[PDB]
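This document starts with one chain, in the form deposited in one PDB entry, laid out as structure tokens.
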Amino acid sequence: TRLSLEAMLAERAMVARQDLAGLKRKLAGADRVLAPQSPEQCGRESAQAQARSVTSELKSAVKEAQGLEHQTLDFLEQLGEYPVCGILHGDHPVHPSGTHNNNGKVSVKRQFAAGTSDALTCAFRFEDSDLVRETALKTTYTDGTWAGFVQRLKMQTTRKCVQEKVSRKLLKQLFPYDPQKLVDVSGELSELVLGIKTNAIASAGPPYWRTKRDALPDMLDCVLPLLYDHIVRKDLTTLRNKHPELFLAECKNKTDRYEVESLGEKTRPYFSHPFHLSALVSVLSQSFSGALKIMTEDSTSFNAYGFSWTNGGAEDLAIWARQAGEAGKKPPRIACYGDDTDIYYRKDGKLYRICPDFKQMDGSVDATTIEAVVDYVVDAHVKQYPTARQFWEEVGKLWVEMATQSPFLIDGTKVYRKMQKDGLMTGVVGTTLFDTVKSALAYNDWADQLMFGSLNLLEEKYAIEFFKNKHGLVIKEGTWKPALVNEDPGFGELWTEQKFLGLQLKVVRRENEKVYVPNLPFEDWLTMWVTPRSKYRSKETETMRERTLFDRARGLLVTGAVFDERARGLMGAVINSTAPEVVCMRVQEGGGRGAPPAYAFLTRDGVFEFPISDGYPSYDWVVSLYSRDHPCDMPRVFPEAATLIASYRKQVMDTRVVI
């Protein structure tokens, strides 16, 4: 008696899905269920050479833009230099020795490196050569450029803003929430802070200069109680003046997909705040976003922050939109998510959709909006939990400061500050909500003006002037183009050609029912496919790179690529060309279910889980994800994999037989 044979089998299975050579051998000749795929266009040698040619040209384009000189930073206030923080936690300084330290002053260095071929090689292997080359040459995943970084930083720290007229009553109307879903912030702080969610590998900011996971004990055990003590004694000025690095941010260039042709003019900045400040404010921010209604749940709400497409969401959007009324008679339907908007109105009874773009919206976010949002979120909590009002009002003051006036490093030891409170410091906790409110306030006023009779605000020329003069918002010319909505699309038809949250809305068939699903043209799926958000990693083994392609193919199929013939066929070719042992190996990501899709708005929580790491997204299964309460199993690539790997298939052996 050590263990049951059943337990023995279970343990053998765990080890077996870790033996790639063993999986290869045991899956040999197994029945494989193949996804639909496009036919091969060229051989491995040609596909790889064609991908290398594109990559070489892009590397050259990046190197040239990265060589451009950049403007001076004179548009910011200069604050001198900060001393490296000396606070100790036990045996070590919280600011690690010999890092981010130039002769005792805090220092940083911006990364603009000039360093994706695997996915591009696949696209050339299975898709049209000219189309793949032309698409892949337009966009690249890059650190960007000094010149474009400074240009964009200037644009969002020097804009003339308009202070919004906003009150708690108005925000209740535009952003209703469920008070019973707010976290009880009159509880103990440690336990509240331990509840916030964040990215384990994101930077903890100054003074930690480490990942959040590495810095977490220093933040929790050492800095947070120090911060708390000075908050409640109203003594933050002493802490700031003695330990300025505790309130210092870092201004960083965002590595991202960028258009090759504007690399020299556009790289997006964002700000990385100290871990203790962002974690503390996240208690309010994440509690509030968790409690917000979205527009499909409450027709007075302008909020789409929280909207998600699966489980009927896509159709919820359309049902909500069809309620839009005749302009100048009845309310339009306006949904705001960060700087993204979906606008519906009727003219002569016909439904129209507008999907305009703001230019560098964060530069237009005025300080009055920022303070009103903080006050609205704080007041929501203290109305429900009034015994903790004063503590969280102090936190709200920290939040406003972080969003508007934190000092920050860029490159070297020079500390900077924005000249004015106006302009949102992108990346601060709550960025998305600040953007959403500013947009909704502007569109709410727009809708009021329609009811006042100014129906020419339906027209681009006057709309652009209105948003600029009355709200300090820049609507990109050419983006205000009302489109006739196909209100009840037929099978395979689009709602409109416009995108919201990065996706089109389409109707497809399941049985004989219409299902609303996300969609994109092939070229847009291809752009995402060929520009993975990962740099050359020598660590990445052939097996890991092979598995990455499989996971990314699954992710795009679930996001809607299964509903485009070519995109579906490309992802299917990737899946079909994945080795059996790579399909069936044990994987870490997704809790062993396989890495979830990159697209953030499939579900409200943001966490999507594949049912199994060795399934693939068939049309039927993905459609079932977008249908309401209509479930389908994810199909296995190798139906017999479990028993093949275990080298055992149960046979019923009856003990009751006559002998």
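Definition used throughout: the rigid core is the maximal C-alpha set that superposes within 1.5 Å between two forms. Residues that one form lacks are left out of the comparison. From 1 onward, residues are counted along the sequence shown.
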Is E589 unbuilt in at least a third of the other PDB entries compared? yes
In at least a third of the other entries we lined up, does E45 end up with no coordinates? no
Can you count, per the entry, how many deposited residues between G115 and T116 come without coordinates? Answer none, 1 to 3, 4 to 9, or 10 or more. 1 to 3
When the Cα temperature factors in the entry are averaged, is it 106-114 or 408-416 that ends up higher? 106-114
Which is higher on mean Cα B factor in this entry, 506-514 or 127-135? 506-514
Residue with highest C-alpha B-factor in the PDB entry, from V283, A314, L88, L557: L88
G290 CA temperature factor, ranked by third within the chain: lowest
Once the chain's modelled residues are ordered by C-alpha B factor and cut into thirds, is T432 in the lowest, middle or highest one? lowest
Would you please rank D342 by its C-alpha temperature factor against the other modelled residues of its chain and give the third it falls in: lowest, middle or highest? lowest
CA B-factor ranking of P611, expressed as a third of its chain: middle
In terms of its chain's C-alpha B-factors, the third that includes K359 is the lowest
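Only in words, not in the display: the form deposited with a small molecule bound, which the text now covers.
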Work out which of the listed stretches, 360-368, 378-386, 518-526, 201-209, brings a heavy atom within 4.5 angstroms of the small molecule in the deposited complex. 360-368
Going by heavy atom distances of 4.5 angstroms or less, which of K242, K254, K181, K499 would be at the interface with the small molecule in the deposited complex? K254
Among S287, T296, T135, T431, which has any heavy atom within 4.5 Å of the small molecule in the deposited complex? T431
Counting only non-hydrogen atoms and a 4.5 angstroms cut-off, does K350 reach the small molecule in the deposited complex? no
Heavy atom to heavy atom, is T426 within 4.5 Å of the small molecule in the deposited complex? yes
My question is simply whether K266 lines the interface with the small molecule in the deposited complex - judged by any non-hydrogen atom within 4.5 Å. yes
Is there any non-hydrogen atom of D339 lying within 4.5 Å of the small molecule in the deposited complex? yes
Only one of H630, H70, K59, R32 crosses a C-alpha shift of 2 angstroms between this form and the one not shown, counting 2 angstroms or more, core aligned. Which residue? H630
Sequence-ordered runs, three or more residues, C-alpha shift 2 Å or more between this form and the one not shown, rigid core: 629-633
